[PDB]
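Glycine gets a Cβ as well: all are built from the backbone with ideal geometry, and neighbour counts include every protein chain shown. Coordinate-derived values only; no laboratory data.
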Amino acid sequence: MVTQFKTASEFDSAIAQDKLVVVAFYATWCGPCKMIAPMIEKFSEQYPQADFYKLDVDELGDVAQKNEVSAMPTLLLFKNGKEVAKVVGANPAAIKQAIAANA
């Protein structure tokens with residue numbers, strides 16, 4: 001299970017963690033948003049040592065802007081308040097390799 005955010009504060013809080021946080025940022029009205037649902041869940045399914053969070057821009061658009069996510073679906077990895085990876089497309093293997101790389 002990938003944990004749900006509530007506000008940009010939640011996003012930022014997960015960001016400030018001294019560990020790999022990969023955020024599943026998509027929109028419920030978007031097409032391939034449903035690819036980020038299981039693919040990203042599958043990431044921490046392998047390595048739960050990383051932080052799994054997700055949020056819909058449909059619900060929180062100002063949050064999207066806070067994170068620099070306009071495209072969807074988007075994956076944002078951060079460490080300790082700074083980025084580590086920015087992706088705008090579910091890439092099953094390459095992004096699982098990403099999360100592990102930035103971790």
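Here are the numbers for this structure:
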quantity	calculated
Qualifying positions in the stretch 18-37 - under 12 Å from the mean Cα position of the chain (by Cα), part of a helix (DSSP H, G or I) and of a type outside the set (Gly, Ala, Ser)	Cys33, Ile36
Neighbours by Cβ (under 7 Å, 6+ apart or cross-chain): first from the stretch 6-17, in contact (Cβ under 8 Å) with a residue 24 or more places away in the chain; second β-branched (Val, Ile, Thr)	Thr7/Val63; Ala8/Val63; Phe11/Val23; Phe11/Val63; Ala14/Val21; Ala14/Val23; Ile15/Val21
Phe52 within 18 Å of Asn102 (Cα to Cα) and out of contact with any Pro (no Cβ under 9 Å at 6 or more places or on another chain)	yes
Enumeration of residues in the stretch 65-99 that are of a type in the set (A, V, I, L, M) and either touching a helix residue (DSSP H, G or I) at 6+ places or on another chain (Cβ under 8 Å) or assigned to a strand (DSSP E or B) (or both)	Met72, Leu75, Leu76, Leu77, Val84, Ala85, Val87, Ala90, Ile95, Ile99
Matching residues, the stretch 5-19, being hydrophobic (A, V, I, L, M, F, W, C) and touching a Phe, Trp or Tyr at 6+ places or on another chain (Cβ under 8 Å)	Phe5, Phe11, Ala14, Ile15
Residue ID - nearest to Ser9 (Cα to Cα), chosen from residues in the stretch 46-63 that are part of a helix (DSSP H, G or I) and touching a helix residue (DSSP H, G or I) at 6+ places or on another chain (Cβ under 9 Å)	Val63
Residue count, the stretch 38-57 (criterion: within 16 Å of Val69 (Cβ to Cβ) and over 10 Å from the mean Cα position of the chain (by Cα))	2
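For every residue, the table says whether it meets (1) crowded, with 16+ Cβ neighbours inside 10 Å; (2) more than 21 Å from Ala27 (Cβ to Cβ); (3) without any contact (Cβ under 8 Å) to a residue 40 or more places away in the chain; (4) not hydrophobic (A, V, I, L, M, F, W, C).
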{"position": "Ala50", "(1), (2), (3), (4)": "yes, yes, no, no"}
{"position": "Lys54", "(1), (2), (3), (4)": "yes, no, no, yes"}
{"position": "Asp58", "(1), (2), (3), (4)": "no, no, yes, yes"}
{"position": "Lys66", "(1), (2), (3), (4)": "no, no, no, yes"}
{"position": "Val69", "(1), (2), (3), (4)": "yes, no, no, no"}
{"position": "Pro73", "(1), (2), (3), (4)": "yes, no, no, yes"}
{"position": "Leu77", "(1), (2), (3), (4)": "yes, no, no, no"}
{"position": "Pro92", "(1), (2), (3), (4)": "no, no, no, yes"}
{"position": "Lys96", "(1), (2), (3), (4)": "yes, yes, no, yes"}
